[PDB]
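Shown next: query_17.txt, containing compact mmCIF, C-alpha atoms.
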# COMPACT_ATOMS: atom_id res chain seq x y z
CA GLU A 38 -39.25 71.71 30.03
CA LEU A 39 -36.56 70.11 32.15
CA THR A 40 -36.17 66.40 32.10
CA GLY A 41 -35.62 64.52 35.25
CA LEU A 42 -37.95 62.23 33.47
CA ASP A 43 -38.13 58.56 33.92
CA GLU A 44 -37.35 56.60 30.79
CA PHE A 45 -40.74 54.90 31.12
CA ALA A 46 -42.82 58.01 31.62
CA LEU A 47 -44.16 57.78 27.97
CA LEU A 48 -45.23 54.14 27.88
CA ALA A 49 -48.82 55.12 27.67
CA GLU A 50 -48.21 56.90 24.34
CA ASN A 51 -46.66 53.72 23.20
CA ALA A 52 -49.66 51.72 24.26
CA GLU A 53 -51.93 54.02 22.38
CA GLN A 54 -49.84 53.82 19.24
CA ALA A 55 -50.11 50.03 19.36
CA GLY A 56 -53.90 50.28 19.77
CA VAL A 57 -53.76 48.15 22.88
CA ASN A 58 -55.66 48.88 26.04
CA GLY A 59 -55.26 47.78 29.59
CA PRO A 60 -52.38 47.53 31.96
CA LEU A 61 -48.80 48.14 31.04
CA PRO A 62 -46.21 45.43 31.19
CA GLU A 63 -43.52 45.01 33.79
CA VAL A 64 -40.11 46.43 32.75
CA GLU A 65 -36.57 47.06 33.96
CA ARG A 66 -33.34 48.26 32.39
CA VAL A 67 -30.97 45.35 32.92
CA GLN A 68 -27.21 44.94 32.39
CA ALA A 69 -24.32 42.54 32.10
CA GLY A 70 -21.50 44.81 31.14
CA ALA A 71 -20.77 45.68 28.46
CA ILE A 72 -24.44 45.58 27.55
CA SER A 73 -27.67 47.14 28.62
CA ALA A 74 -31.09 45.86 27.73
CA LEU A 75 -34.69 46.40 28.76
CA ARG A 76 -36.29 43.16 29.95
CA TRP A 77 -40.04 42.98 29.57
CA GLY A 78 -42.66 41.47 31.91
CA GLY A 79 -40.12 38.82 32.88
CA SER A 80 -40.31 36.23 34.34
CA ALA A 81 -39.66 35.78 30.59
CA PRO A 82 -38.46 36.06 27.70
CA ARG A 83 -39.76 34.47 24.49
CA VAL A 84 -38.34 36.98 21.97
CA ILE A 85 -35.12 39.01 21.43
CA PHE A 86 -35.23 42.33 19.58
CA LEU A 87 -32.21 43.92 17.97
CA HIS A 88 -32.43 47.53 16.81
CA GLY A 89 -30.73 49.30 13.85
CA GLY A 90 -27.95 51.84 13.55
CA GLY A 91 -28.60 55.23 15.10
CA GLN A 92 -31.37 53.73 17.15
CA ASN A 93 -31.60 52.15 20.61
CA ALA A 94 -33.68 49.48 22.32
CA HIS A 95 -36.61 51.88 22.81
CA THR A 96 -37.72 51.62 19.07
CA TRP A 97 -39.44 48.37 19.98
CA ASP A 98 -41.51 49.82 22.86
CA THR A 99 -44.77 50.03 20.97
CA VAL A 100 -44.17 46.71 19.18
CA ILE A 101 -43.38 44.99 22.48
CA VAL A 102 -46.38 46.53 24.28
CA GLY A 103 -48.68 45.76 21.38
CA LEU A 104 -47.42 42.16 21.42
CA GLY A 105 -48.59 40.17 24.41
CA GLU A 106 -45.20 38.61 24.91
CA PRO A 107 -42.27 38.81 27.48
CA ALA A 108 -39.03 39.82 25.79
CA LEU A 109 -35.49 41.18 25.76
CA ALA A 110 -34.83 44.39 23.78
CA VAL A 111 -31.08 44.94 23.57
CA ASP A 112 -29.03 48.15 23.25
CA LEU A 113 -26.33 47.14 20.78
CA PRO A 114 -22.78 48.40 21.64
CA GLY A 115 -22.31 52.03 20.66
CA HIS A 116 -26.02 52.56 21.35
CA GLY A 117 -28.41 53.67 24.06
CA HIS A 118 -27.01 52.51 27.40
CA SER A 119 -24.42 50.15 26.00
CA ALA A 120 -20.66 50.72 26.02
CA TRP A 121 -18.90 52.47 23.12
CA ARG A 122 -15.55 51.18 21.86
CA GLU A 123 -13.80 53.96 19.96
CA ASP A 124 -12.27 51.34 17.74
CA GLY A 125 -15.59 52.21 16.01
CA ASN A 126 -16.46 48.58 15.37
CA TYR A 127 -20.14 47.85 15.82
CA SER A 128 -20.14 45.38 12.96
CA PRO A 129 -22.64 42.48 13.14
CA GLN A 130 -19.68 40.08 13.58
CA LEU A 131 -18.39 42.04 16.54
CA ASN A 132 -21.85 42.69 18.00
CA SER A 133 -22.62 38.95 18.03
CA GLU A 134 -19.30 38.05 19.69
CA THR A 135 -20.12 40.16 22.78
CA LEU A 136 -23.94 39.69 22.94
CA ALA A 137 -23.62 35.92 22.94
CA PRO A 138 -22.40 35.76 26.56
CA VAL A 139 -25.15 38.22 27.59
CA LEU A 140 -28.06 36.39 25.92
CA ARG A 141 -27.02 33.09 27.53
CA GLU A 142 -27.56 34.86 30.88
CA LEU A 143 -30.46 37.21 30.19
CA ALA A 144 -33.07 35.55 28.00
CA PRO A 145 -31.59 32.02 28.00
CA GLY A 146 -34.67 30.52 26.38
CA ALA A 147 -35.69 33.08 23.76
CA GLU A 148 -37.40 31.27 20.90
CA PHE A 149 -37.11 34.11 18.38
CA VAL A 150 -34.85 37.01 17.31
CA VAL A 151 -36.12 40.16 15.57
CA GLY A 152 -33.51 42.41 13.99
CA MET A 153 -33.75 45.58 11.95
CA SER A 154 -30.73 46.75 9.88
CA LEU A 155 -27.61 46.46 11.96
CA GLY A 156 -29.46 44.24 14.44
CA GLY A 157 -30.85 41.95 11.76
CA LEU A 158 -27.46 41.15 10.41
CA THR A 159 -25.86 40.71 13.87
CA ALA A 160 -28.73 38.27 14.46
CA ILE A 161 -27.68 36.42 11.31
CA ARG A 162 -24.23 36.12 12.82
CA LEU A 163 -25.60 35.12 16.19
CA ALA A 164 -27.65 32.38 14.50
CA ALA A 165 -24.52 30.86 12.97
CA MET A 166 -22.14 31.16 15.94
CA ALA A 167 -24.87 30.06 18.38
CA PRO A 168 -27.62 27.96 16.75
CA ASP A 169 -28.97 26.96 20.17
CA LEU A 170 -29.98 30.55 20.94
CA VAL A 171 -31.78 31.32 17.63
CA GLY A 172 -34.81 29.07 17.12
CA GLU A 173 -36.30 31.29 14.42
CA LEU A 174 -35.35 34.62 12.86
CA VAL A 175 -37.16 37.78 11.65
CA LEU A 176 -35.41 40.41 9.51
CA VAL A 177 -36.74 43.90 9.41
CA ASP A 178 -35.99 45.68 6.06
CA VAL A 179 -32.44 44.31 5.72
CA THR A 180 -30.38 41.86 3.61
CA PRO A 181 -26.56 41.43 3.93
CA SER A 182 -26.26 42.87 0.40
CA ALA A 183 -28.77 45.61 1.14
CA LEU A 184 -26.77 46.93 4.09
CA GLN A 185 -23.48 46.68 2.24
CA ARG A 186 -25.04 48.81 -0.50
CA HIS A 187 -25.94 51.30 2.21
CA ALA A 188 -22.44 51.14 3.81
CA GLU A 189 -20.72 51.86 0.44
CA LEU A 190 -23.08 54.81 -0.38
CA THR A 191 -22.59 56.52 3.03
CA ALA A 192 -18.86 55.93 3.60
CA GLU A 193 -18.95 59.82 3.49
CA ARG A 205 -22.09 67.08 18.14
CA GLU A 206 -22.97 69.13 21.22
CA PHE A 207 -26.42 70.80 21.30
CA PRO A 208 -27.62 73.93 23.23
CA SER A 209 -31.18 72.70 23.66
CA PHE A 210 -33.16 69.45 23.47
CA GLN A 211 -35.34 71.31 20.93
CA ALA A 212 -32.30 71.56 18.57
CA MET A 213 -31.89 67.79 18.42
CA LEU A 214 -35.66 67.65 17.88
CA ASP A 215 -35.48 70.11 14.92
CA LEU A 216 -32.64 68.22 13.40
CA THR A 217 -34.62 65.01 13.35
CA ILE A 218 -37.73 66.92 12.27
CA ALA A 219 -35.67 67.83 9.18
CA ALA A 220 -34.89 64.13 8.55
CA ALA A 221 -38.66 63.40 8.44
CA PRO A 222 -40.87 66.53 8.62
CA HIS A 223 -43.96 64.50 7.72
CA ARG A 224 -43.96 62.58 11.01
CA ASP A 225 -46.02 63.13 14.19
CA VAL A 226 -43.91 65.36 16.54
CA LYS A 227 -45.11 63.62 19.74
CA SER A 228 -43.60 60.36 18.37
CA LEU A 229 -40.48 62.04 17.07
CA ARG A 230 -40.01 63.76 20.42
CA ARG A 231 -40.31 60.40 22.17
CA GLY A 232 -37.74 58.72 19.98
CA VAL A 233 -35.33 61.61 20.47
CA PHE A 234 -35.93 61.53 24.22
CA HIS A 235 -34.81 57.91 24.42
CA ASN A 236 -31.94 58.63 22.03
CA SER A 237 -30.32 61.61 23.78
CA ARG A 238 -29.20 62.73 27.27
CA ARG A 239 -28.40 66.00 29.08
CA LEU A 240 -24.85 66.66 30.34
CA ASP A 241 -23.98 68.95 33.25
CA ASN A 242 -23.19 71.86 30.88
CA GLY A 243 -26.92 71.98 30.09
CA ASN A 244 -25.78 70.86 26.62
CA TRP A 245 -27.35 67.69 25.02
CA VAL A 246 -25.79 64.76 23.10
CA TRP A 247 -26.77 61.62 21.04
CA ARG A 248 -26.58 58.36 23.01
CA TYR A 249 -25.37 56.49 19.94
CA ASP A 250 -21.82 56.47 18.57
CA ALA A 251 -21.12 57.23 14.91
CA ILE A 252 -20.21 54.03 13.03
CA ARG A 253 -16.73 53.98 11.43
CA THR A 254 -16.98 50.29 10.54
CA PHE A 255 -19.47 47.73 9.35
CA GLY A 256 -18.26 44.12 8.94
CA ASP A 257 -16.97 41.76 6.29
CA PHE A 258 -20.24 41.15 4.45
CA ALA A 259 -19.15 37.94 2.65
CA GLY A 260 -18.50 35.71 5.73
CA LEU A 261 -21.99 36.82 6.66
CA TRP A 262 -23.38 35.15 3.52
CA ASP A 263 -21.47 31.96 4.40
CA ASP A 264 -23.26 32.21 7.74
CA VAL A 265 -26.56 32.44 5.83
CA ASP A 266 -25.63 29.33 3.80
CA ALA A 267 -24.73 27.71 7.19
CA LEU A 268 -27.83 28.82 9.12
CA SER A 269 -30.52 26.21 9.65
CA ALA A 270 -32.86 28.67 11.43
CA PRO A 271 -35.89 29.71 9.28
CA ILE A 272 -35.76 33.37 8.16
CA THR A 273 -38.68 35.62 7.44
CA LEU A 274 -38.24 39.12 6.04
CA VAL A 275 -40.36 42.19 6.60
CA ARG A 276 -40.04 45.10 4.21
CA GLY A 277 -40.97 48.75 4.20
CA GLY A 278 -43.40 49.08 1.25
CA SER A 279 -42.14 52.67 0.91
CA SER A 280 -38.53 51.68 1.64
CA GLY A 281 -36.02 51.41 -1.19
CA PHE A 282 -33.41 50.03 1.20
CA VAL A 283 -34.09 46.40 0.11
CA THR A 284 -34.83 45.36 -3.47
CA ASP A 285 -36.58 42.50 -5.27
CA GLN A 286 -33.11 41.28 -6.36
CA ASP A 287 -31.84 41.42 -2.71
CA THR A 288 -34.83 39.37 -1.67
CA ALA A 289 -34.57 36.63 -4.31
CA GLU A 290 -30.95 36.32 -3.36
CA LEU A 291 -31.79 35.87 0.29
CA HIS A 292 -34.28 33.17 -0.71
CA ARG A 293 -31.72 31.52 -2.98
CA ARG A 294 -28.96 31.32 -0.31
CA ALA A 295 -31.29 30.58 2.63
CA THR A 296 -32.08 27.08 3.88
CA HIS A 297 -35.68 27.88 5.11
CA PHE A 298 -36.97 31.21 3.78
CA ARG A 299 -40.53 31.73 4.93
CA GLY A 300 -41.14 34.76 2.64
CA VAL A 301 -41.39 38.61 2.59
CA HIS A 302 -44.16 40.58 4.18
CA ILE A 303 -44.24 43.97 2.46
CA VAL A 304 -45.82 46.58 4.72
CA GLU A 305 -47.57 49.50 2.92
CA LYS A 306 -46.81 53.15 3.89
CA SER A 307 -43.76 52.19 5.95
CA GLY A 308 -40.20 53.33 5.44
CA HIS A 309 -36.97 51.70 6.56
CA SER A 310 -37.79 51.69 10.27
CA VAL A 311 -40.93 49.57 10.09
CA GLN A 312 -41.29 49.46 13.90
CA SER A 313 -41.53 53.21 13.93
CA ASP A 314 -43.78 53.55 10.91
CA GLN A 315 -46.28 50.69 11.04
CA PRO A 316 -45.75 48.83 14.34
CA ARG A 317 -49.36 47.63 14.40
CA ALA A 318 -48.64 45.62 11.30
CA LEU A 319 -45.22 44.47 12.48
CA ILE A 320 -47.01 43.25 15.62
CA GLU A 321 -49.37 41.16 13.44
CA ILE A 322 -46.50 39.71 11.45
CA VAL A 323 -44.51 38.82 14.53
CA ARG A 324 -47.60 37.38 16.27
CA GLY A 325 -48.19 35.04 13.28
CA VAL A 326 -44.54 33.91 13.52
CA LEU A 327 -45.06 32.71 17.11
CA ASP A 328 -46.95 29.86 15.34
CA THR A 329 -50.18 31.36 16.72

Could you take the file, read its structure, and then write that structure out as structure tokens?
Amino acid sequence: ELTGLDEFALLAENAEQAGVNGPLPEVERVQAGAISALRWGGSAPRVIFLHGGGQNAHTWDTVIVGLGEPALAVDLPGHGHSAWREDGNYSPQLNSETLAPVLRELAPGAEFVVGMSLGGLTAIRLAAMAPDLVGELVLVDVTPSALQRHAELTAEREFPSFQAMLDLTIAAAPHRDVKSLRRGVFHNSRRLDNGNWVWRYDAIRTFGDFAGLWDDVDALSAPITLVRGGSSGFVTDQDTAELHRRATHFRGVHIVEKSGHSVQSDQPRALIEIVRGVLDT
């Protein structure tokens, strides 16, 4: 299997995963350097989606299809089709600084932001440095403290075959449907000329200053709602109460059963329902 394959070849699998029938939504990869994004059915968008570390904007495909709504899914810097830095800084503070121009242009009227991990926190930042852009906010299995805990704990390249990247991520999660895993890896890697394959994402040398972030939370007037992986230990009861404590309008936690950290990968049907309810109807 050789892959001169369009990045949207597998949309139908996404539609099936979402349990939605009917015609697929309009889509194009869009850019304002230094950023790439996929704009959806638009003539839009009502919602912005920010992915997590190691991921790219394709993790939201099934969620976005499942959801009726026009939207902007962004490749954070260091990720997918967005520029790397090699100062290694894809901190939420940096990420927001550069996205803010881009979201003014593309998706000027987006009511909502949905961020998982790295994207959730950069969305926090974006909400503080640009309240006009962030009407309401949705965090996917992340708290400023919860990611710092992760950063601390994990403070510590060319592949002969696509299959070898596949096996590697099979090892990460053997219990998962290969067809899905293959999809995610497809959108997350590319072939060189050598024949050899490589990850589209950069390795992260730096997360941000997590305390200014909390001052941003204190400062945020946008309502936050949190979504947790029922089987994810990433975010704790303590982390949650704290979020509630510091937050101006905390709308609560939805805890999704049988989902890990990446809720959009694990139980997108449920994430769809949660997000749907957040659009006030």

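Relative to CA of residue 113 (chain A), CA of residue 186 (chain A) is found at 21.4 Å.
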
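Nearest to residue 298 (chain A) of all the residues A:242, A:313, A:280, A:269 is A:269, counting all atoms listed in the file.
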
Taking only C-alpha atoms into account, which of A:109, A:175, A:137, A:42 comes nearest residue 95 (chain A)? A:109

Which neighbours of residue 287 (chain A) fall inside 10 Å, counting all atoms listed in the file, when residues of the same chain fewer than 2 positions from it are skipped, and could you give them as number ranges by chain? A: 179-183, 282-285, 289-293

Would you give the centre and edge lengths, in Å to one decimal, of a box along x, y and z around the listed atoms of region 161-167 of chain A, with 4 Å added to each side, as lines of an AutoDock Vina configuration file?
center_x = -24.9
center_y = 33.2
center_z = 14.8
size_x = 13.5
size_y = 14.4
size_z = 15.1

Please write a file for region 156-193 of chain A, taken from the block I just shared, that holds C-alpha atoms and is laid out as a tab-separated table (two decimals), in the first residue's frame.
chain	number	residue	atom	x	y	z
A	156	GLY	CA	-5.12	23.07	23.14
A	157	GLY	CA	-7.36	23.49	26.17
A	158	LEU	CA	-4.82	25.49	28.01
A	159	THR	CA	-3.86	27.63	24.98
A	160	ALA	CA	-7.60	28.31	24.75
A	161	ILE	CA	-7.50	29.48	28.37
A	162	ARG	CA	-4.79	31.90	27.35
A	163	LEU	CA	-6.65	32.95	24.23
A	164	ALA	CA	-9.74	33.66	26.36
A	165	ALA	CA	-7.77	36.08	28.55
A	166	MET	CA	-5.74	37.87	25.86
A	167	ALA	CA	-8.76	38.05	23.52
A	168	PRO	CA	-12.11	37.90	25.36
A	169	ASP	CA	-13.96	38.97	22.20
A	170	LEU	CA	-12.99	35.74	20.42
A	171	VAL	CA	-13.96	33.28	23.21
A	172	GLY	CA	-17.69	33.43	23.97
A	173	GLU	CA	-17.68	30.11	25.83
A	174	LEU	CA	-15.06	27.45	26.56
A	175	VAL	CA	-14.91	23.62	26.71
A	176	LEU	CA	-11.94	21.79	28.26
A	177	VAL	CA	-11.27	18.24	27.31
A	178	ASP	CA	-9.54	16.25	30.14
A	179	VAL	CA	-7.19	19.08	31.18
A	180	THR	CA	-6.60	21.55	34.06
A	181	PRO	CA	-3.58	23.94	34.26
A	182	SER	CA	-2.41	21.95	37.30
A	183	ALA	CA	-3.16	18.64	35.62
A	184	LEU	CA	-0.92	19.40	32.65
A	185	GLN	CA	1.85	20.78	34.83
A	186	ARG	CA	1.77	17.48	36.74
A	187	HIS	CA	2.15	15.74	33.40
A	188	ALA	CA	4.98	18.11	32.27
A	189	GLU	CA	6.99	17.47	35.48
A	190	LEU	CA	6.54	13.63	35.27
A	191	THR	CA	7.68	13.43	31.59
A	192	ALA	CA	10.53	15.98	31.58
A	193	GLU	CA	12.48	12.74	30.67
